[PDB]
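Beneath this line is the structure, given in structure tokens, with notes to follow.
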Amino acid sequence: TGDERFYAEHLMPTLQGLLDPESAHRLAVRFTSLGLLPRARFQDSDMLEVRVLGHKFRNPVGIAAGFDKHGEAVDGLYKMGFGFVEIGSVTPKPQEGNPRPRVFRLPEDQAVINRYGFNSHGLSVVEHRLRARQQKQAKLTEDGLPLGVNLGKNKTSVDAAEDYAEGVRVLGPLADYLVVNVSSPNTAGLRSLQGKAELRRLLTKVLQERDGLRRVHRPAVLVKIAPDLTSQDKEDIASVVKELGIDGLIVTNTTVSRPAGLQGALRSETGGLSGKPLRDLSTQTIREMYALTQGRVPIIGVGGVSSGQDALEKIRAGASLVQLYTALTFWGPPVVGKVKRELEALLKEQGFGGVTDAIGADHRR
Ligand SMILES: Cc1cc2nc3c(=O)[nH]c(=O)nc-3n(C[C@H](O)[C@H](O)[C@H](O)COP(=O)(O)O)c2cc1C
Ligand SMILES: O=C(O)c1ccccc1/C=N/Nc1nc(-c2ccccc2Cl)cs1
Ligand SMILES: O=C(O)c1cc(=O)[nH]c(=O)[nH]1
């Protein structure tokens with residue numbers, strides 16, 4: 001809490017004053033991968049443990065995809081106190097992504113806009129990187145610290161479904177869960193994969209590839225969706241997810257909308273907006289998807305989480321787990337312990353025995 005204030009009031013503002021967002025991100029990835037991190041002294045209580053997706057998670061707060069795109073900082077991220085880590089998005093072939101600058105801070109809105117465009121080291125490099133620590137991950141997982149791998153598609157690929165299938169085959173055996181990302185705002189055509197007939201075709205192929213993996217190397221498969229879907233889109237996704245037995249949903253990616261009230265000078269930059277202005281749009285999408293799937297499909301809630309309250313609202317709305325990313329760029333590593341500490345306090349105040357009891361509680365009021 002002393003370092004929470006120091007990081008929040010002094011350290012982070014100073015690094016932000018010195019470095020553009022992409023440079024700061026690269027540096028943060030480097031520091032994290034080296035273990036150069038403050039004391040994550042928070043000890044996870046049993047209340048925070050969640051069992052879902054065929055796994056135990058010792059706390060429900062994860063790092064969202066996009067921070068460790070290439071699988072370089074996984075262990076440093078667990079050391080930061082995250083109960084699970086998602087790397088990616090990873091595309092089959094290496095690709096540079098969009099021209100710089102492609103990441104923008106909106107300090108007045110506690111928001112970020114990015115158009116990275118799936119910069120990726122590619123499947124082969126990430127595979128070897130994960131292979132080098134595969135058995136350490138197997139122990140982490142057994143210990144309640146699972147690993148997710150988020151799959152993207154190359155900019156120039158003609159068959160999107162084959163890009164994902166390739167990802168399932170190459171990184172599936174190294175992952176506790178896979179994410180089919182059909183919601184990036186920064187790849188042309190990508191989000192139209194969210195439509196019904198095309199999503200059914202895509203996910204059928206994905207699940208078939210997954211089912212062809214040997215039993216101990218067979219990950220759960222989740223779909224990550226946008227916060228900008230029509231009601232029709234959401235109904236169709238819920239329907240396809242139930243028809244195919246998709247294991248879970250990640251809700252949500254960044255928004256292409258610009259909510260009224262944004263103050264940041266850079267608010268009109270092209271890209272996906274994350275952070276505080278996304279928070280409630282995201283929570284509302286979780287609420288809708290939970291109801292449409294009858295509370296039977298696990299949801300990882302993400303978008304604008306920076307406190308225990310933010311996390312609990314998404315849990316009560318139907319999320320079994322939450323992720324954050326943008327909060328980390330403003331508050332630094334201490335925000336992880338902060339969210340966990342506040343979440344636990346709020347669960348007790350509201351009469352929940354643990355996180356599990358709170359999941360979807362709003363729908364039973
Ligand atoms: C700079 C940046 C890069 C991101 N890259 C990815 C990505 O590659 N794949 C993905 O599924 N989501 C990506 N995201 C989205 C996050 O995973 C998350 O869905 C979104 O930022 C909302 O969470 P937040 O408000 O806590 O940041 C990225 C977000 C940011 C800010
Ligand atoms: O600066 C931005 O606007 C930005 C934008 C997008 C993605 C990452 C960042 C930067 N994030 N900076 C981070 N710093 C840390 C950090 C800060 C202090 C000590 C150790 C670490 Cl790992 C974690 S994330
Ligand atoms: O690589 C990107 O730019 C990116 C991917 C994604 O899924 N979400 C996002 O906000 N940006």
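Nothing fancy with the numbering, it's 1 onward along the sequence. Atoms considered below: every heavy atom in the structure, side chains included; atoms not considered: hydrogens, waters and symmetry mates. First listed ligand is number 1; within each ligand, the first listed atom is number 1.
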Exercise. Is the count of non-hydrogen atoms from other residues, nucleotides or ligands lying under 6.0 Å from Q43 atom CD greater than 12?
Worked result: no
For this session: Decide if atom CG of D211 counts as having more than 12 heavy atoms of other residues, nucleotides or ligands within a radius under 6.0 Å.
Result: yes
Exercise. When the aromatic ring centroids of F67 and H25 are compared, is their separation below 6.0 Å?
Worked result: yes
Exercise. Pick one: which of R133, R129, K139 meets salt bridge (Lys or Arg N to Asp or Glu O under 4.0 Å) with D75?
Worked result: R133
Problem set entry | Residue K234 excluded, over 12 heavy atoms near NZ under 6.0 Å | yes
For this session: At a heavy-atom distance under 4.0 Å, which protein residues reach ligand 3? Sort them by chain and number, would you?
Result: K69, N114, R115, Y116, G117, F118, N181, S184, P185, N186, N253, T254
Seminar exercise, completed: Heavy-atom contacts under 4.0 Å to ligand 1, chain-then-number order, include exactly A64, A65, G66, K69, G88, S89, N114, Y116, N150, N181, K224, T252, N253, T254, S274, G275, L278, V302, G303, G304, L324, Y325, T326
Problem set entry | Protein residues that have a heavy atom under 4.0 Å from any atom of ligand 2, sorted by chain and number | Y7, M12, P21, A24, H25, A28, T32, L37, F67, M80, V103, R105, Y325, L328, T329, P333
Problem set entry | Contact list for residues 32-45, test salt bridge (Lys or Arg N to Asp or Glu O under 4.0 Å), sequence neighbours left out | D44-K340
Exercise. Around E108, counting heavy atoms of other residues, nucleotides and ligands shown, do more than 12 lie under 6.0 Å from its CD?
Worked result: yes
Seminar exercise, completed: Checking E22, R267, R115 against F104 for side chain to side chain contact (heavy atoms under 4.5 Å, CB included), the one that qualifies is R115
For this session: Using a cut-off of 6.0 Å, state whether more than 12 heavy atoms not belonging to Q208 lie near its atom CD.
Result: no
Problem set entry | Neighbour count above 12 (heavy atom, 6.0 Å) for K56 NZ | yes
For this session: Check the surroundings of atom CD in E96: do more than 12 heavy atoms from other residues, nucleotides or ligands lie under 6.0 Å from it?
Result: no
Problem set entry | Working for side chain to side chain contact (heavy atoms under 4.5 Å, CB included), residues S120 and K69 | CA-CA 7 Å; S120 177; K69 280 173 171 294; over 6 Å; no
Exercise. Tell me, do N114 and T254 make a side-chain contact under 4.5 Å, heavy atoms counted?
Worked result: yes
